[PDB]
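Student: Quick one: structure below, then a few questions.
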2 protein chains.
Amino acid sequence: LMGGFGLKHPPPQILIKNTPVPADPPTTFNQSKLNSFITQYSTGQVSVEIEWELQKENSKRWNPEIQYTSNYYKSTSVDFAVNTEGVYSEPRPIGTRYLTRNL
Amino acid sequence: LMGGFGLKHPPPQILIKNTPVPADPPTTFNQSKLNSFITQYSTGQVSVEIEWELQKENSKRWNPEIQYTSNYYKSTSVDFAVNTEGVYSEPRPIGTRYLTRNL
């Protein structure tokens, strides 16, 4: 209902945590558990190869159907461009139902 | 200078004519030539297979470059459409230099 694809057996969920580094433990014994730790974190590179299938327009629509294109005029900040601050955004949302496929 | 392609050995020129059908010739001899004929013509189907080579955009232009598309609004007579009289025309001229190729 949020559009997209559904699967009876969808790609899994990836879960991670940082190894519990128990801080300095008491010299003498204690029955309780350890709460003290060392604030730490990590980084890394996320790789995700998504293969894709497609069906291209084979229609004989004689007239030039409509396409999607950035407006060909001159604007201050280019679309999907990075504002002079690196922070970039998206000018507008985009759909797929563009190619005029005969019903 | 009219844009396009030039060739030192371009596709030939095709020339045709109707067979000279000499009308009723004089019963007795005449030195001169024949001018009388029968007004006639012919028709047929023109076939022309043009094979083509192309180079597609492989650019990593992150932003959506510009494309050419019929204006997505509502007009009285669709572009390149046949007016209600079969006689159709072209709304506007079209060029190629559209894809933003890095210089």
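Readers should treat all values here as calculations from the given coordinates under stated rules, not as data from a laboratory. Here Cβ is always computed from backbone atoms with ideal geometry, including for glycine, and neighbour counts include all displayed protein chains.
Student: Which chain A residue sits with its beta carbon nearest the axis carrying A onto B, and how many Å away is it, rounded to a whole number?
Tutor: A:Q67, 2
Student: I need the GluC sites (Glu not before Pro) found in the range B:17-103, filtered to DSSP loop residues with at most 12 other beta carbons within 10 Å of theirs.
Tutor: B:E49, B:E51, B:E53, B:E57, B:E85
Student: Counting only chymotrypsin sites (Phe, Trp or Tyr not before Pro) that are in a DSSP loop and have at most 11 other C-beta atoms within 10 Å, tell me the longest site-free stretch of chain A.
Tutor: Within chain A, the longest run free of exposed chymotrypsin sites (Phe, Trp or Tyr not before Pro) spans A:74-103.
Student: For B:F37, place a label point 7 Å out from Cα along the Cα→Cβ vector, do the same in each other copy, and report the separations in nm, one decimal, smallest first.
Tutor: 10.1
Student: Excluding residues on the same chain fewer than 8 positions from B:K17, give the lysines whose Cα lies under 25 Å from its Cα.
Tutor: Qualifying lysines at Cα under 25 Å: B:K33.
Student: For peptide A:60-68, how many partner chain Cβ atoms fall within 10 Å of a residue's Cβ, on average?
Tutor: Partner Cβ neighbours, averaged per residue: 4.
Student: May I ask you to list the trypsin sites (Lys or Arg not before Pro) in the range A:67-103 that are in a DSSP loop and have at most 10 other Cβ atoms within 10 Å of their Cβ?
Tutor: Counting only loop positions with at most 10 other Cβ atoms within 10 Å, the trypsin sites (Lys or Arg not before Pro) in the range A:67-103 are A:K74, A:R97.
Student: Just want to confirm a number: the relative contact order over chain B, from Cα pairs under 8 angstrom separated by 6+ residues, in percent.
Tutor: Normalised by residue count, the contact order of chain B is 19 percent.
Student: Would you mind computing, in nm to one decimal, how far apart the modelled labels at A:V87 and A:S47 are, each placed 7 Å from Cα along Cα→Cβ?
Tutor: Going from the A:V87 label point to the A:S47 one covers 3.3 nm.
Student: Next up: Taking each residue of B:69-82 in turn, how many C-beta atoms of other protein chains fall within 10 Å of its C-beta, and what is the average?
Tutor: Per residue, the number of nearby Cβ atoms from other chains is 2 on average.
Student: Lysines within cross-link reach of A:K56: Cα-Cα under 30 Å, excluding same-chain residues under 8 positions apart?
Tutor: Excluding near neighbours in sequence, the set is A:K8, B:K56, B:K60, B:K74.
Student: For a quick check: with amide H placed at 1.01 Å from N, whose amide H comes under 5 Å from A:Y88's, ignoring anything fewer than 5 positions away on the same chain?
Tutor: HN-HN under 5 Å from A:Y88: A:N83.
Student: Measuring from a point 7 Å out along Cα→Cβ, what nm distances, shortest first, does B:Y72 have to its partners in the other copies?
Tutor: 1.5
Student: For A:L1 and A:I66 in the same chain, what is the full-extension length gain: residue separation times 0.36 nm, less their Cα-Cα distance, in nm? Don't skip to the answer; put the middle values down first.
Tutor: Numbers: separation 65, 0.36 × 65 = 23.40 nm, distance 2.66 nm.
Taking 0.36 nm per residue and subtracting the Cα distance, the gain is 20.7 nm.
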